[PDB]
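**Student:** Using only what follows, build the 3D model:
(7 chains, ligands or ions: 3)
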Amino acid sequence: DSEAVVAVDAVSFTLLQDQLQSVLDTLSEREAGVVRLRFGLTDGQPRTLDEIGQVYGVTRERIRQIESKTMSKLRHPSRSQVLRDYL
Amino acid sequence: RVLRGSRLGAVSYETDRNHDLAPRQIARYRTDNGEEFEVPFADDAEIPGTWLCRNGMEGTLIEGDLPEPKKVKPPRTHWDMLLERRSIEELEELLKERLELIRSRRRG
Amino acid sequence: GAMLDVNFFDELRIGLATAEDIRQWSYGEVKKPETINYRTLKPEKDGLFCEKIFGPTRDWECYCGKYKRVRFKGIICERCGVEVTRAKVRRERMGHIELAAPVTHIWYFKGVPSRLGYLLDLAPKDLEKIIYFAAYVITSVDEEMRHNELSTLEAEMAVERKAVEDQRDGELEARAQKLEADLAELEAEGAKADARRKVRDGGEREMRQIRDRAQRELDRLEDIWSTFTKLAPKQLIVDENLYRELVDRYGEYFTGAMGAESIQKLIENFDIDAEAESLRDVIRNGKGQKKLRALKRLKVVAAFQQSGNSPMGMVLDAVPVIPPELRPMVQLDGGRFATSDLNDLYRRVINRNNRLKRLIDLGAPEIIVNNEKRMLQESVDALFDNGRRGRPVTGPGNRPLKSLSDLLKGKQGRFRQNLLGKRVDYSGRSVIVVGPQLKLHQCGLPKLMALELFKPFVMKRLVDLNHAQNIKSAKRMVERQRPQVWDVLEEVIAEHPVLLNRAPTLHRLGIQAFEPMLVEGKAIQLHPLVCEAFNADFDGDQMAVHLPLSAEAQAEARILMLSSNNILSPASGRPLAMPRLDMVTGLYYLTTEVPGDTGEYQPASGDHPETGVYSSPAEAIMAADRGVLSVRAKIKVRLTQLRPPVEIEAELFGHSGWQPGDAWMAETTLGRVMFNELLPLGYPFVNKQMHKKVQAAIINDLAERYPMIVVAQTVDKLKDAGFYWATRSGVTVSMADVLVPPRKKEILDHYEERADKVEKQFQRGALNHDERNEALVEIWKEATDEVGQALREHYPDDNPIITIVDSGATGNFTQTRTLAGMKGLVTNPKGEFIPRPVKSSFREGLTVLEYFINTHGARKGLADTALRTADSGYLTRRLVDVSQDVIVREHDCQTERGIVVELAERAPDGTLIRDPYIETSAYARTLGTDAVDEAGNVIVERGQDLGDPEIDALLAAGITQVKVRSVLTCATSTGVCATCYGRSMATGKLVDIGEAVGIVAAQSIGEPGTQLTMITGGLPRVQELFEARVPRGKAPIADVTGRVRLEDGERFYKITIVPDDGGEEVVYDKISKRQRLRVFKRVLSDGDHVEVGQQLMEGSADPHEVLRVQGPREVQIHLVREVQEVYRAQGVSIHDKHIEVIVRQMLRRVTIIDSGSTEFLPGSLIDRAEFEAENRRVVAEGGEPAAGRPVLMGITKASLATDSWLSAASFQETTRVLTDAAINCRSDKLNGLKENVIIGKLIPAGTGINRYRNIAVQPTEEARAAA
DNA sequence: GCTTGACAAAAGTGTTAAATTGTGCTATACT
DNA sequence: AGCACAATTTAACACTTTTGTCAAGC
DNA sequence: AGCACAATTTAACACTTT
DNA sequence: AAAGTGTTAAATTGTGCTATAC
Ligand SMILES: [Mg+2]
Ligand SMILES: [Zn+2]
Ligand SMILES: [Zn+2]
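**Tutor:** Numbers count the residues shown, from 1 in each chain, chains lettered A, B, ... in the order given. Ligands and ions are numbered 1, 2, ... in the order given. Here you go:
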C-alpha cells in the first residue's frame, strides 16, 4: 500500500514544523507575520501582497521589499544550516 | 520484486483543526415519501431546489418555489411507433372491420 | 450505542437486520453498475465507487474541485454533492441497493436445518420449488365463502359434468348410428365375413375411443374440484395448468403466488403464539417421531417468540454494499488494474435489478418476469454465499469467485488468518548456531539484525549525542552504516530483552526472553541448555526474534519469561534445563570409579605406608598434573570445604555439623571432588556415579530447597565442566569399536534349523498358512533376543558405543543391537511381519533384498510421522478452545469435597509397597481431610502441599489412602480456586491468582502427542476419549449385581445378567467372536458373580454407559485412567491435574427430562449452575423443579455450545454459529481470553485482572522524606 | 519607512468549435 | 458491424482583470 | 478421501376400509 | 381376502475438518 503513512516521515514533518517556528521566532515581529501570511503557515491558505498590505496599511511594493529583505535574512548560514538537512 | 499500487487519491499533512472553519447553513429537503434530509452548504452558495437525497430518490426544497417540470416527455409509447408508420384512416377502416368481426362471430 | 467504538466496550450484540436498518446505515442508493472511468480514472456518479455516496478520494477535496482546504470541512459542495472530509471514510460508509422484487437470505433457507422450513413447516424440497419459481403456493383462502357457497358451486359443477356426459352420449349415439349405417349398407348386398367382423370391430373401437376420451376429461374435471375442495394455505400446485384453472374459475376464494413475495406473505400471516402453544402441547401430550420433530421447530419458534426479533428480516428488500476501500481497485505499476472480486457480484445484482425494473415498466408476459426474478434471486445468493445452491459462479479460468461468506470461513477466513494471529513490526528471524560460552540468560545477536531491529532507539541516541543534526540525517547515517553507530548500538541494546520463538510452539516454553549481546556474523547464538525446551537442533533450524517496546512488556520479559526463571516444566515438574547429550557423558566420565587405576589407595603396610592419602584436593590436582594420579582413581582426600553426607556428619559432629572449615576424610575419587565443588556450599557430598537420573535428582533437589538464582548458576557450572570432560573422555566411533558377537553364526544356524522344521511341517501339510507365519515369527523373535543377550554380554563396559547408551546420554540399546548383530523382523506396508527376516547387520552391511524389504517400514514410519504431527495440532487446538476459561480466581473456596488417591496398596502381609504412579496423582496436591493413623493423632493436617517428606511420613504411619482436594470438586462460580488446584508444577509453590491453568493443561496434553505411535492404542485413542465418542471395540458393562448366564448360539454370543434383589434381567445379544471374554479373579464365563459396574468383555467401555450407571465420580476415574494409560505406555509423565482440568469442562451440563414450567426445552443441554439457579427460584411462584440428568460430551460439542458468540464463531462452523446467534439475538460480554484477543483489549488473566493492574505505586515517605 | 507610475506576466471569463458519448435503426429466411 | 443524429463535455482562443515587479522619490 | 454426524428418504409394519 | 394409511427403522444425502513456520 503506497498511499499509507510512512511512520518516519510524519515525525520528521512535525520536527520540521517545530524547527521552522524556532527559526522564524528569531526574526522581528512584522517580518515573521509577513512570511507566515505569505506562505500560509498559520491558516493554511496563502495570501497575496495586497492581502498583507490591507492588514498592514501599505501597498504591494512595501510588502514586497519587506519580503525580499526577509528572504535574504533567511539565507544567512545561521538560518540556513539548521534547515538545509530537511531538503 | 514488490509491486506497489495505489487507489488513486492523496494523503495531505495539514494537522487537523476544530475551531475556525468557514461558516455553513443548513437546507432541508423533503422527498416523496415524507422524509426530511438536512444538507450543509457554504454561505456563498446558491442553494438548489431539488437534491438527490440519501434515500435514493429526489427531494425538493421545503419552500414553495416550484422551479421547473422542464417539459420532459414520455418517449415512444408504442402508439407513437404505430402512428408514425400507419395512419388514422388505415386504422379506422381496420378497427371497425375487426369490430364487425365481433358482431358476426358472436352469432355465427 | 457507540458507532465510533473507541475503548468503551461493555457488550457486542448480534441480530437480524430489518430493511429499516439497512436504509439507515446507508449513505445513498447505488443505481448504476459502473466502477470507474476509463480515461480519467475517476469514480463515476451513482456507481460502486461514487464519491458522493462513499466519500472523497483525496483528503479534503470535493469532486469538481471548488473546495480544497481544511477551512471548509463538514460542508457539501453544491455543484458536485461530495462532502469535504477526510478521505479515509471511504472505508467506512456503506451503501444500499433497492431490490424491485424481494429475495430470501440464503443462510436462512439453505442451512442445516433450514430455518425457513422449520418456521413454516414446509419441506426444503418444497421450499426450493416455491422460491425459485417452480410451483405456486396458496397463501390464503376465505373459509366462509368456500363454506357457504359450496352447494351452489357443486351444483354448477354438475352442470359442466353433465355437459361433458351429454357431448359424450351425443358422440356415442353418432357412433351407434354410424355403425348401424355400416352394418346396413355394407350388408345390404352379399359380402365377405371377416371384413364385416373388422367393420363391427372398428365401430366398437371408435365407440371405446369416445367413451374413454370422455372418461379422461371427466377425471380431469373431478380432479380440479377435488383439489379445490381441500384448499388450505402453505400448499403446493406443481401442475402449472391446474392453477390457471383455479384462477379463472373459483378465483375469488383464495390467493396464490410464487417466490419470495409469497414467502413474505406467509410470514405476515404467521401467528407465533399459536404455533408456540401447539408445539408446547405436542411434546407434552404426544410421543413418537412427532414429538422428536416438534422440539426442533420449538427451538426456532421460541427463538423468534422470546426476544424482540421478527422473522420479516429473513426476506430482503434492500441489500447493503460494503465500503469501496474494503473491495479496492488498485492500479499496479505498468498501468494494470486489480479489482477485488466482490465488484463483479455487485455488478451482476444491480444489472439484473435494473433489467427487472425495466421489464416491469415496459409491460411483459409472465414468463420473462419470472425468469428475471429467478435470475435476481440466484445473483443475490451468489453474492452472499457462493457455491451453495447449484454450481458456483466462475470468472475467467474456471475458478469460483470469492463471495462474502468465503471471507469468514476456513483457515483463511478473516477469523483465523487476520484476527487471531497477525504479522508484527519490530521483528526478524535467522538461522541458529550453538553458543557454548554464553550464560543462561544471554543470547548472541547478529549486529545487522540488531541494527535494523533497534533503529529508532539508535536514531534517538545519536541525536542526543551530537552525531547528527536531526532525525533525517540520523536515518541516513543508520541506513548508510556509518562507523559511529556501532558505539551507540551497544549503549541502546544493554539490558533490553528480546523474545525468541521457534515454530512450532508446542508448549509455553517455546517463547523465552533473553538479554542480547552483539555477535559478529549472521547467526543467532543460542545457549546449549535451552535447546531441550525449544526442541531445536542445529542442522539448519531458524528462529524468530521479537522486540518488546513498552515498559510493561519489558517488565514481563524480564520477570515472567526470562530463560533462567523457567527451569522446570509445567507439565510434569522435571527439570528441562538439565544437562544432556555431551554434558552427561562428560560428567559420567568424570565421576565414575575405575578399579585398579593409577595411584589408587594401596595400603600394604608392614614394610611401607599406605600411599593413597592426600592433604587436600589441591595436592591431588598437583599430583594429577604429573603422571601419578588419574581422575577416576579411588583415593582418600581430606576435604575442608565440602559438607559431608548425613551419615558421616552425624557421627563426626552431630549437634552442629557445619563445614566452612572443619576437616573430614573422604574415600572417593578425585573426579567426584571436582564435581562436588560445582554444587553449592551447603549441599552434602554425593559420591555416586552420575547417570542422567542422578543428575535429575540433584537438580530437582536444588529446585526444591535452594533459591532460583542458585540453580541457574549451578546448571551453568555443570554444563562447563561437562563440555570440558566430554572433550577429554575419549569417545570416538570407529569400525574397530563395533564388536560383532563371536557366536552369531551358530545361534542363527540353530534357529534356522527350527524354522526349517516348521517349514517342512507346513510343506508336508500339517499346519496351514497363518499358523506357520506365526511359528516363524516366534522362532525369529527368540533368535533376535538371544543374539541381543550374546551381544550385551560380549561388550566391554568401557566401549565408546556402549558408554553413550549406559550413561543415559542418548539412544537406547535396540539400535546398538541393529548396529552389531541382527536387524530382526521387518514390517509390511500392510502392517504385518515379513517372515523371512533380515539376518544381517548395519556393520556387516545388508544385501539387496534385505535392504529393499527394510525400505517398506522405513518409508511407512516417515509418512506416519508427517500425518501424526498433522493430527496432533488439531487436538491441541480443540483442547485449548474447550478449556480457556479455567483460570485461578480466588485463594480458597473452602469446600470439603475431594477425590481419594490409591497411594501404595498393602502387599500380602507386607506392610506397604508404593504405587508406581504416585508422583503424577498424589504429589503436589492439598489435603481435604486430616490424616489419622491407628488412633494415633493427626499426622499430616489439612491443607499441606503433599511433598516428599509428608508422603514418606504417611507411608511410615501405615495409612494407604488419602482424601485429596482437587479441581473436579472445586466450588467457585467461574474458574477454580488456588488451594483446590494445588502446587503449580513450574514454579514449585502454590499457584497465583491469575494463572490461565486451562491453557497450560491443554498444552501439557498437546505437546507430547507426536511421540505416540500406536480398540485403539495411540493418538486415536486419546482423540476418542476426549471427543467422548462410542468406541468401535465397545465392551458391555453390567447394570446391576447378580449372576451372569453366558450363552452361545448363532455364532456370536449372548449374556444375560440376573440380579440378586431381584427384578428385570439384562440381556446383551450380539457380541462378535473376535471379542474375547474378560479376566479378573479363573476368568469370566458362567456361574459368576458380577459387581455393579463390572466390565464383561475386553476392549473399551464407553463413558456414556458408565456415567449413566455409576455416576460422575466413576466416569472421572474412567476418563483419567484411560487417558493416563495411553500416556504411560510411551514413557510420558503428565500430572493428573491437567487431565482433570480438561475433564471438568466436559461434565458441566445437564439435560432436561421434564420442563416443569421454566423456559427449558426438553433435550436441551443447560449449564449446571443456571439450572440450579432456576430450580432455586422455582420454590417461589409454584414449585415444579426442572428435572435433568448430568451429561458427558466431547470437547468439540462443548466448545461449540458456549455463551460467547464471538469466541465460538472463531473456532468451527462460522456460518451456522453466526446464523443462530443472530436469530436468538445473542449478546456477548467479553469475558474469555479469546475475544479480548480479537477486540484488542487486555485479557482477564495474569497482569490483566483488576487486582494486579490497579496497583498504585508511591515512594514511602521516609524516602520521599529523605530525598 | 514608505508611496506612485508604469509595465508585464498570470489568472479568470465568455464564446465557440471539436471530440466524445448516448441512442435508434437496419425487412428473404432462420425457432 | 455500421451509420446517422442529438446532447454533452472539453480545449482553445480573445479579452479583461489581478497580481507581481522595476525605477524614482520624500 | 475419509471420518463423523445429523437430517431426510424406501420399506416394513399393524390398523382400519372395500 | 385387497387397498390404502399412518407410524416406525435402515438407507441416503450433505455438511465440516484435516500442523507449523520460510
Ligand atoms: Mg532439525
Ligand atoms: Zn465539487
Ligand atoms: Zn477451590
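**Student:** Quick check: residues of chain A near chain C?
**Tutor:** For chain A, the residues in contact with chain C under the definition Cβ under 8 Å from any Cβ of the partner chain are A:8, A:11-12, A:15, A:19, A:43-45, A:82, A:85-86. Quick note: C-beta positions are derived from backbone N, CA and C, even for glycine.
**Student:** Among those, the buried ones, what's the PyMOL command?
**Tutor:** For anyone working in PyMOL, the buried entries among the residues of chain A next to chain C, judged by 16 or more other Cβ atoms under 10 Å in any protein chain shown, can be selected with:
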select buried, chain A and resi 12+19+85+86
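**Student:** now for the host helix or strand of residue C:752, which elements pack on it?
**Tutor:** Here residue C:752, judged by DSSP states H and E, is contained in helix C:744-764. If contacts are counted by 3 or more Cβ pairs under 8 Å, 6 or more residues apart in numbering or on different chains; DSSP states H and E, helix C:744-764 sits against helix C:769-794.
**Student:** If you count neighbours, what's buried in the helix it packs on?
**Tutor:** Of the residues in helix C:769-794, C:772-773, C:775-777, C:779-780, C:783-784, C:786-788, C:790-791, C:794 count as buried by neighbour count, 16+ other Cβ under 10 Å.
**Student:** where's it relative to the chain centroid, distance-wise?
**Tutor:** Taking the mean C-alpha point of helix C:769-794 and that of its whole chain, the gap between them comes to 43 Å (Cα atoms, centre = their mean, to the nearest Å).
**Student:** ok so, going back, residue C:1202: which of the buried residues of helix C:769-794 is nearest?
**Tutor:** Minimum distance to residue C:1202 across the buried residues of helix C:769-794 is 51.0 Å, recorded for residue C:777 (Cβ to Cβ).
**Student:** and the gap between that closest one and residue C:860?
**Tutor:** Residue C:777 is 18 Å from residue C:860, where distance means Cβ to Cβ, to the nearest Å.
**Student:** do residue C:1212 as well
**Tutor:** Applying Cβ to Cβ, the value for residue C:1212 to residue C:860 is 31 Å.
**Student:** what comes up buried for the helix or strand where residue C:866 lies?
**Tutor:** When elements are assigned from DSSP H and E, residue C:866 belongs to helix C:848-882. In terms of neighbour count (16+ other Cβ under 10 Å), helix C:848-882 has its buried residues at C:850, C:853-854, C:857, C:868, C:871-872, C:875-882.
**Student:** Now do it: which elements does it pack against?
**Tutor:** Using 3+ Cβ pairs under 8 Å, 6+ apart, the elements in contact with helix C:848-882 are helix C:997-1006, helix C:1019-1026, helix C:1195-1200.
**Student:** Comparing the ones you listed, which stretch has the densest surroundings?
**Tutor:** Most buried of the helices and strands packed on helix C:848-882 by mean neighbour count (mean count of other Cβ atoms under 10 Å in any protein chain shown) is helix C:997-1006; its value is a mean of 24.
**Student:** Can you list the strands that the helix or strand following the helix holding residue C:866 pairs with?
**Tutor:** Secondary structure here is assigned by DSSP H and E; on that basis, the next helix or strand after helix C:848-882 toward the C-terminus is strand C:888-890. Looking at strand C:888-890 with DSSP bridges, its partner strands are strand C:976-977 (parallel).
**Student:** Hmm, residue C:357 is touching residue C:100, no?
**Tutor:** Yes: in terms of Cβ atoms under 8 Å, residue C:357 counts as a neighbour of residue C:100; the distance is 4.7 Å.
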